[PDB]
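What follows is a short report on a single structure.
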Amino acid sequence: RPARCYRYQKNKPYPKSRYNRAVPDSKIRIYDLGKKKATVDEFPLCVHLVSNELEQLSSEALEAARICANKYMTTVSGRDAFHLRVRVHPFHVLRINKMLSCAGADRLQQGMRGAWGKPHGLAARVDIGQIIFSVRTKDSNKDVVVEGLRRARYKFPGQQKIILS
Amino acid sequence: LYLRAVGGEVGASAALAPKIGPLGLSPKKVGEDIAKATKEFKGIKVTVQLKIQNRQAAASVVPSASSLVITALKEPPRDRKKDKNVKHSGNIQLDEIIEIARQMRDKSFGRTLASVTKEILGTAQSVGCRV
Amino acid sequence: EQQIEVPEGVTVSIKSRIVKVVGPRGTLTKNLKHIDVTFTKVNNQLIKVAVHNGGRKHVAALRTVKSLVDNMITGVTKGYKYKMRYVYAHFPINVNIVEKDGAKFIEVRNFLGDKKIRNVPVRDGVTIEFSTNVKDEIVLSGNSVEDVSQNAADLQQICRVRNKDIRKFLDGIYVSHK
RNA sequence: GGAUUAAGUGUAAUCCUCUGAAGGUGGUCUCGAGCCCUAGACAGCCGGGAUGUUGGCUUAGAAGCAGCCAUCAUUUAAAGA
């Protein structure tokens, strides 16, 4: 924190586990919520979660913003309705100033060449319109799930659109 | 014991409380309970035969589930055809099913209040009385 | 634009945007000048005037003017009075009016029952009647409703206190009547 | 010619340089969507908010309105256990 020089893509690939080790584990609980198995897809009421932005939310971003989300999805009696889906994973690894590579801004260090930033965190990135994490059930209430994501958004760097079913 | 209480009359000490009160019955529950059902028929003297168990729990009457449902419905007849005819017969409050189940309970051997209500509901279903 | 004609019993006669009213109750004047507006003239009947103007801006005006008049009409014949009671917690309040709003003039004493009297002001031509009994009613009246208004008010508000909370104490005098 | 804005917003192409991101306004104009209306709407506005009965259970209480069950009947112009 804060996430600033973290989620703007001004770099290019990898993740690559070959290349990198010492990746921190994600603190993003399972990306399968609600009752799985049965096809939730048969449902009235629909979806949400549209990013409306560019990218790279960190696992710190998604994992408390998503279960936060689920927490107020609990209202629908624990195990009784909806499945929650998350889309993208936090693959993508980021490195931060370890003074040896270059100079100035991050992904630059001291000297020239040298320490790339040391591994510290991972974040998935997204596009202008992608569905961050969706799923629904019949209109349980007015739309508790719609209330969900109200809270879900408001912990994402992006401005997420609710998007109607 | 038994006493004749006016339809919508309750807790008063002189009439009600000391008679039963010393029996172990809890007046408060009875006054509200009796008065509750007794609301549909007010101004009518309903003699109550309160029965109190060691539990000090109790029930009272108007004798049979069908009869009780009939009265609760306030209709004398059962539907000619229970499944098809319903609203025509009549309806009873869910709470009233509870009321009957509770009064009947000494007679019934349901494990729980829910079970007893289900038992009474079964009778109501036959009568064409909807809940 | 609009035209208001009324009433008989009360005259008009405005010159150079001063405006007037007549009687039998006393007359009120109101400048009513704002933006290219006619500043309504009496048209050998009743006054009502419009200026070639645009949309909302003048329109918010020459609406307001209409309301200022028509409440100048009724403020000249059958005046305007606001009326309401005083009363609260232990010990009564002393409301009384001596000439003028000035300190130690316009009423109120023991608010709860405090020392030092706090009250002002009175408007230009308003009359403060007093309670029917020891104290339990006030009548405020006057030709203009714009002096009589914040006389009864500004006499209610002169009870308002920002301290404990209104809930605990409910002293004061309020003009519930309109 | 036309329309919006009431904040002096703004009168700032680009940028170390011109900030502003995830305070308020029934001032006014313009555009869209839902529902309700001449079987008469809003005000829509004005006024009113029945008996068994505090329904049964539960509970310290549980009286239309924590919860479970039932949701009948009466008197009605009408009024849900």
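Per Swiss-Prot, chain B residues shown: 13-143, in order.
Header entry for method reads electron microscopy, 11.7 Å.
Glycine too: its Cβ is placed from the backbone N, Cα and C atoms.
What Swiss-Prot records for this protein:
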type: CROSSLNK; residues: B:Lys130; note: ubiquitin cross-link
type: MOD_RES; residues: B:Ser25; note: phosphoserine
type: MOD_RES; residues: B:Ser38; note: phosphoserine
type: MOD_RES; residues: B:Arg67; note: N5-methylarginine
Modified residues compared (B:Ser25, B:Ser38) - highest count of Cβ atoms within 10 Å:
B:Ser38
Round to the nearest Å and give the CA-to-CA distance linking B:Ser38 (phosphoserine) with the residue listed as 'ubiquitin cross-link'.
26
Candidate with the highest Cβ count within 10 Å, taken from the recorded positions B:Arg67, B:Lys130
B:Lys130
B:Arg67 (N5-methylarginine) and B:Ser25 (phosphoserine), compared by Cα position, are separated in whole Å by 23
Once DSSP output is merged into helix, strand and coil, B:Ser38 (phosphoserine) belongs to coil
How big is the gap, in Å, between the Cα of B:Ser25 (phosphoserine) and that of B:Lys130 (ubiquitin cross-link), rounded to a whole number?
36
